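Worth knowing before you read on, the calculation uses all heavy atoms, side chains too, and leaves out hydrogens, waters and symmetry mates. Residue numbers count from 1 along this sequence.
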Amino acid sequence: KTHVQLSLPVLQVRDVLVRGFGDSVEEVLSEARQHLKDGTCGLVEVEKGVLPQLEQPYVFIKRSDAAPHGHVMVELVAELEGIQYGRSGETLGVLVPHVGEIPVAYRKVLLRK
C-alpha cells in the first residue's frame with residue numbers, strides 16, 4: 001500500500017534514549033522508514049528547546065494533505081544544518097527510535113510509504 005495507518009507513541013524529549021536515527025540525511029530517512037514499518041518509532045512534539053536536545057539530522061513528520069479514519073496523512077522531511085530534504089506541510093513532530101520509553105499520548109497518522 002502507498003499509505004499505512006500507524007499509531008505513534010508520543011515521547012517526552014527528556015525520556016528519549018536514542019536521540020536520532022543516524023549520521024546522514026539519507027540514513028535518517030532510511031532508518032525512520034524502517035522503524036515506522038517495525039513499530040519501533042516514537043514522535044516528539046516540537047516546542048522551544050526540544051530540537052537542540054535531539055541529534056541532527058532530524059526526521060520530521062509533516063502534514064501532507066487536509067484525515068482518513070482519524071489518521072492525519074503525513075510524509076517524512078529530513079533537516080541538516082538548516083536545509084530540509086523534502087517539502088510538505090505543518091510539522092506534527094520529530095521522529096526518534098522507540099526503545100520502550102513510556103509515551104504521554106498516541107498520534108494516529110497515515111504515512112505516505
Side-chain angles (χ1 to χ4, degrees), residues 1-112:
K1 285 172 188 314
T2 70
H3 285 79
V4 61
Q5 281 184 352
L6 301 173
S7 287
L8 299 185
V10 178
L11 308 179
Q12 306 198 313
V13 67
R14 290 182 184 282
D15 286 339
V16 171
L17 298 181
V18 184
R19 285 180 181 267
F21 281 116
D23 300 330
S24 70
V25 161
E26 291 160 84
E27 184 179 18
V28 298
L29 288 165
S30 182
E31 283 293 327
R33 291 192 165 94
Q34 193 65 50
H35 280 81
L36 286 160
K37 176 230 167 113
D38 297 344
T40 57
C41 192
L43 180 63
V44 181
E45 293 189 320
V46 179
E47 285 187 340
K48 294 301 194 294
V50 168
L51 284 175
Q53 291 185 75
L54 298 173
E55 292 171 340
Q56 294 193 51
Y58 310 126
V59 174
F60 302 106
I61 48 152
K62 282 182 167 299
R63 190 196 214 92
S64 62
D65 181 22
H69 313 267
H71 294 249
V72 173
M73 287 184 50
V74 297
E75 60 202 336
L76 304 192
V77 174
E79 178 179 312
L80 178 56
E81 294 158 348
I83 300 168
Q84 294 197 336
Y85 301 82
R87 162 177 219 269
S88 189
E90 197 190 344
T91 294
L92 278 78
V94 49
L95 298 183
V96 293
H98 189 216
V99 297
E101 299 95 334
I102 305 304
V104 296
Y106 287 91
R107 198 70 209 254
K108 294 183 287 173
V109 307
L110 198 46
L111 167 70
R112 189 177 295 174

Next item on the list: Identify the two heavy atoms, one from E27 and one from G22, that lie closest to each other, and give their separation to 0.1 Å.
Entry: OE1-CA, 3.6 Å
Check: Has the side chain of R19 got a donor or acceptor atom that lies under 3.5 Å from a matching backbone atom of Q53?
Finding: yes
Next item on the list: Grab the two heavy atoms, one from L110 and one from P68, that are nearest each other, plus how far apart they are.
Entry: CD2-CG, 3.6 Å
Checklist line | Minimum heavy-atom distance between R63 and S88, given as atom pair plus value | finding: O-OG, 3.1 Å
Check: Any sub-3.5 Å donor-acceptor pair from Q56's side-chain atoms to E81's backbone N or O?
Finding: yes
Notebook entry, point to check: Are side-chain N/O atoms of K62 and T91 paired as donor and acceptor at under 3.5 Å?
Noted result: yes
Check: Would you say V59 and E31 make side-chain contact, with heavy atoms under 4.5 Å?
Finding: no
Checklist line | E26, CD: over 12 other non-hydrogen atoms inside 6.0 angstrom | finding: no
Check: Hey, is the main chain of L17 close enough, under 3.5 Å, to the side chain of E101 for a donor-acceptor pair?
Finding: yes
Check: What closest approach, in Å, do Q84 and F60 show between heavy atoms, and which atom pair accounts for it?
Finding: NE2-CE1, 3.8 Å
Margin query: Quick check for you: to the nearest 0.5 Å, what is the distance between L29 atom CG and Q34 atom CD?
Written below: 13.0 Å
Notebook entry, point to check: Looking only at atom types and distance, does a side-chain atom of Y58 sit under 3.5 Å from a main-chain N or O of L51, one as donor and one as acceptor?
Noted result: yes
Note to self: Are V16 and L36 linked, directly or through intermediate hydrophobic residues, by side-chain heavy-atom contacts shorter than 4.5 Å (ILVMFWY only)?
What the structure shows: no
Note to self: Assigning hydrophobic clusters by single linkage (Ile, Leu, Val, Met, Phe, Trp, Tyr; side-chain heavy-atom cutoff under 4.5 Å), is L76 placed with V25?
What the structure shows: yes
Item checked: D23 atom CG, neighbour heavy-atom count above 12 within 6.0 Å -> no
Item checked: Gap between atom CG of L92 and atom CG of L8 - 0.5 Å precision -> 9.5 Å
Next item on the list: Could you tell me which non-hydrogen atom of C41 sits nearest to which non-hydrogen atom of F21, and how far apart they are?
Entry: SG-CZ, 3.8 Å
Note to self: With side-chain contact (heavy atoms from CB on, under 4.5 Å) as the test, pick out the partner of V96 among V44, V18, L43, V13.
What the structure shows: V44
Item checked: Distance-minimising heavy-atom pair for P57 and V28 -> O-CG1, 3.7 Å
Note to self: Hydrophobic cluster membership, with links at side-chain heavy-atom distances under 4.5 Å among I/L/V/M/F/W/Y: are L80 and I83 in one?
What the structure shows: yes
Next item on the list: Could you grab the distance from atom OG of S64 to atom CD of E90, nearest 0.5 Å is fine?
Entry: 12.5 Å
Notebook entry, point to check: Are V109 and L95 connected in the hydrophobic side-chain network, where two residues link if heavy atoms are under 4.5 Å apart?
Noted result: yes
Next item on the list: Give a yes or no on whether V4 and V74 share a hydrophobic cluster (residues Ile, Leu, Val, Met, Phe, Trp, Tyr; joining criterion: side-chain heavy atoms under 4.5 Å apart).
Entry: yes
Notebook entry, point to check: Okay, side chain of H98, backbone of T40: is any donor-acceptor separation there less than 3.5 Å?
Noted result: no
Notebook entry, point to check: Can you list the steps and then say if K108 with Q5 is a side chain to side chain contact (heavy atoms under 4.5 Å, CB included)?
Noted result: CA-CA 7 Å; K108 294 183 287 173; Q5 281 184 352; over 6 Å; no
Notebook entry, point to check: Just how far is it from atom CZ of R33 to atom CZ of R112, taken to the nearest 0.5 Å?
Noted result: 11.0 Å
